[PDB]
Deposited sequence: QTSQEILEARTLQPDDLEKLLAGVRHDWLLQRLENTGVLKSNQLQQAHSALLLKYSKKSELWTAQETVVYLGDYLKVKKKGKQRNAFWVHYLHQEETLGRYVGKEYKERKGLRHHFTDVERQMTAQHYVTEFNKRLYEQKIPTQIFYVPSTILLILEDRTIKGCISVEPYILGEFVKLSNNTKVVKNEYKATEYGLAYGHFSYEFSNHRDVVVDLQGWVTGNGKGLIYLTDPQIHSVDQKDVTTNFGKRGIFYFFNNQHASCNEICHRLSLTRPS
């Protein structure tokens, strides 16, 4: 690409911005930002214009909203952020710069996997509630902020909320039952595991999902995925048996 082709890639024309605000296919977004290059780091202790990008697993569309983000200090590399559309307006949020040389498409694919994991958390938590189990798995995917100057993409930060004897069931039993549930609720195509192992909880009925990994029969995009091997290893080494939650949610053994 020439210098002009990079200038065209980082500049959202009004037609581009109009597609983004209406909702845009995942394939279209990956194509449109693949050859962007590395975006410089954003100035801290400063407010910036941004596009908030949200992916919807139901519609399979990315939708942009204009917002304003303040980037604060480095946390004693993560920095504090506050933006006008943040879910918990009284909460604190943490941003990281995305400057991996493998490309922006890896970051958007990562957030699509997180929405897929979050979709299964939502459905799992509904099943726990319906069966009168007083616990919820807590999980919130990162959000993407595209820092704009005018229509020019200047930066990309990932934002996450700052989150840092209950008995009946242990956190691991909830976590493995969630993985079993994700396998049934996806019609035997996905299994979601935590790479951190359900070590953490809180003073409540919250078990935290920290690092989801989706073993899937499908492959789409360039995400690293253990696929069918991962699913068999899950049902034969991690969830070999089944627990009381599996039974209360009426989960059955597969193969």
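Trainee: Which segments of the deposited sequence lack C-alpha coordinates in the modelled structure, numbering from residue 1?
Mentor: Unobserved in coordinates, per deposited numbering: 77-84, 173-184.
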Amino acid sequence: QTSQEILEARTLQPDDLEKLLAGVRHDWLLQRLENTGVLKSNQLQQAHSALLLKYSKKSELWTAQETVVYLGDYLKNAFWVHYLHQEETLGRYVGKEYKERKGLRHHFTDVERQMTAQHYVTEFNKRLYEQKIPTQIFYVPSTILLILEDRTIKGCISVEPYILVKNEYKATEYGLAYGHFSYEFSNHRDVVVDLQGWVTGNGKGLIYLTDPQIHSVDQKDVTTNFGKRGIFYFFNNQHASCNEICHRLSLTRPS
From here on, numbers count along this sequence of modelled residues.
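Trainee: Which is higher on mean Cα B factor in this entry, 235-243 or 13-21?
Mentor: Taking the mean C-alpha B-factor of 13-21 and of 235-243, the larger value falls to 235-243.
Trainee: Name the higher of the two by mean Cα B-factor in the PDB entry, 144-152 versus 120-128.
Mentor: Between 120-128 and 144-152, it is 144-152 that shows the higher mean C-alpha B-factor.
Trainee: Compare the CA B factors listed in the entry for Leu29, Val69, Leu52, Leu195 and report the winner.
Mentor: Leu195 has the highest C-alpha B-factor of those listed.
Trainee: According to the Cα B-factor stored in this entry, which of the following is highest: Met115, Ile137, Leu164, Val94?
Mentor: Reading the PDB entry, the winner on C-alpha B-factor is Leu164.
Trainee: Compare the C-alpha B factor of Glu160 with those of the other modelled residues in its chain, then answer lowest, middle or highest third.
Mentor: It falls in the middle third of the chain.
Trainee: Relative to the other modelled residues of the same chain, rank the CA B-factor of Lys220 and answer lowest, middle or highest third.
Mentor: Top third by C-alpha B-factor.
Trainee: Based on the deposited C-alpha B factors for this chain, I'd like to know if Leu61 is in the lowest, middle or highest third.
Mentor: Lowest third - that is where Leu61 ends up once the chain's C-alpha B-factors are sorted.
Trainee: What third of its chain, lowest, middle or highest, does the C-alpha temperature factor of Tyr98 fall into?
Mentor: Middle third, going by the recorded CA B-factors of the chain.
Trainee: Would you check the entry's CA temperature factor for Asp110 and let me know if it's in the chain's lowest, middle or highest third?
Mentor: It belongs to the lowest third of the chain when residues are ordered by C-alpha B-factor.
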